[PDB]
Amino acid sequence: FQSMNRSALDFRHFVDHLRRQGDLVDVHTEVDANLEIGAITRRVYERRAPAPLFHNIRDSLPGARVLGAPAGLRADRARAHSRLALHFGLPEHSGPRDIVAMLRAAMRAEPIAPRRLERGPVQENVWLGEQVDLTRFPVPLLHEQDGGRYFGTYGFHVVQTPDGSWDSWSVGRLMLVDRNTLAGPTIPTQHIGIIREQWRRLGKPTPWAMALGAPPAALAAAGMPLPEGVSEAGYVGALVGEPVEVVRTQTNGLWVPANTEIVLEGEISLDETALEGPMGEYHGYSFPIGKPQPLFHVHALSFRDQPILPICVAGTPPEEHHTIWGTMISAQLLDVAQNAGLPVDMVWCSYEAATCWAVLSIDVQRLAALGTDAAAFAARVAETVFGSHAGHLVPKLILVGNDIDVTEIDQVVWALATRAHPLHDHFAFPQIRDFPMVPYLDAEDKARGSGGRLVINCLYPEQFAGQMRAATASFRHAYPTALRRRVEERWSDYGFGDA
């Protein structure tokens, strides 16, 4: 119980804790960062195997390690989310709802500022100027048709508004360009893109750092679409109940977590670019052609002894673009909806849907008082959700009554198949602007910048009057409470035991 709480704030301890859970495999065989690491980890995601810690990567800095699947799922269904739950210090049986509830409580708690320290483990090794050689690290080629090797797939950028009011921590990919330059996207609706654009009106480049192997709770928050201007570091402290220990970078004054595995520092160039990508991505596809992206100059880097580089091998679910990102989006969307007065009691970005839809659980004993109907409700939800920072990331919304558990894909499918009426429940919103990464967009959607948004209504019409056409024929809903308890009571005595 103590090991779990230290796991939230210490990546190295997090890894040791995974091993104690039996959720880590120590790979001592020599492995090739050219595709092999990426292949092993992909198979780990899809088999829901323990996270691999790679101890020996060919042609890499001696002692350097790689952690694959830092928040992959486990095969054991009772502990399937334990690796993700451990990012917040939660026990192994924690599930989606437990994680979301804790993420929301931290939103309403006052931030706990980071504790500034003079020294930290991240400073045990410092490479300055000409010592910087990113190619010495075990930088993987993650997919066969990738456009380059990716240094940052599981770290977050650290930048600061010029006025010093807003400390932004955000996860974004960074491709390896040469020994001291990286390149990665800065979509204008993400917070790095906004602050970076705050520096272009000052004639200066953006001072920048990236933390890799950062405190797991800090990494999760960096992958969370918190509202604009909100500092991620204070939300992490509030989430774990104590400040995140930080130190100053070696060359630009930004504060990064003190026990980070690897810290990069430099600046984001104002107009230099390099062809970046393509890369297998969260939607599950590898698109064929890359795009020019801003260059990240690395003036210095520091790392702990025997540094662990965590990676994410993006693709078909479930990987960290779903377990981390989708989870964080779900909790933010729940807060967005409830704050707007919408009758939503849970939101879940089904991992199986590759973070391309969110299922909203509708409190049916609140629906009647709205005096509305499917078409009006869908439009109201669309404006509210899609207009939020978190809701902008997700193109499809499914609305269903809270009689189903929206975290269970089988129940969501049951509701889609049996409740969505083909003529009445398909609400496209072609005027709402799209998130540009949605894989089914066509040339026309990309020219207008909209066309991909959808609300699928699974609320029967009578539910807007507080009624329901039929009861559910299931164990829970087709038998009286006294009989259900008797069956649950005697289950083992009938002869079933644990099955």
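Position 1 is the first residue in the sequence shown; the rest follow in order.
Asks: Please compare 406-414 with 292-300 and name the stretch with the higher mean C-alpha B-factor in the deposited structure.
Replies: Higher mean C-alpha B-factor: 292-300.
Asks: According to the deposited model, is the average Cα temperature factor higher in 150-158 or in 263-271?
Replies: Stretch with the greater average CA B-factor: 263-271.
Asks: For the CA B factor values reported in this entry, which option in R119, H421, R74, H321 has the top one?
Replies: Of the options given, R119 has the highest CA B-factor in the PDB entry.
Asks: Which one, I99, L334, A378, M107, has the peak C-alpha temperature factor per the PDB entry?
Replies: Among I99, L334, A378, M107, the highest C-alpha B-factor in the entry belongs to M107.
Asks: Would you mind ranking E228 by its C-alpha B-factor against the rest of the chain and naming the third, lowest, middle or highest?
Replies: Its C-alpha B-factor belongs to the highest third of this chain's values.
Asks: If you rank every modelled residue in this chain by C-alpha B factor, which third holds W491: lowest, middle or highest?
Replies: Top third by C-alpha B-factor.
Asks: Quick one: classify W357 as lowest, middle or highest third of the chain based on its Cα B-factor.
Replies: Lowest third of the chain for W357's C-alpha B-factor.
Asks: With respect to C-alpha B-factor, does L24 fall in the lowest, middle or highest third of the chain as deposited?
Replies: It belongs to the lowest third of the chain when residues are ordered by C-alpha B-factor.
Asks: Going by the CA temperature factor in the PDB record, which third of the chain does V236 belong to: lowest, middle or highest?
Replies: According to the entry, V236 has a C-alpha B-factor in the chain's highest third.
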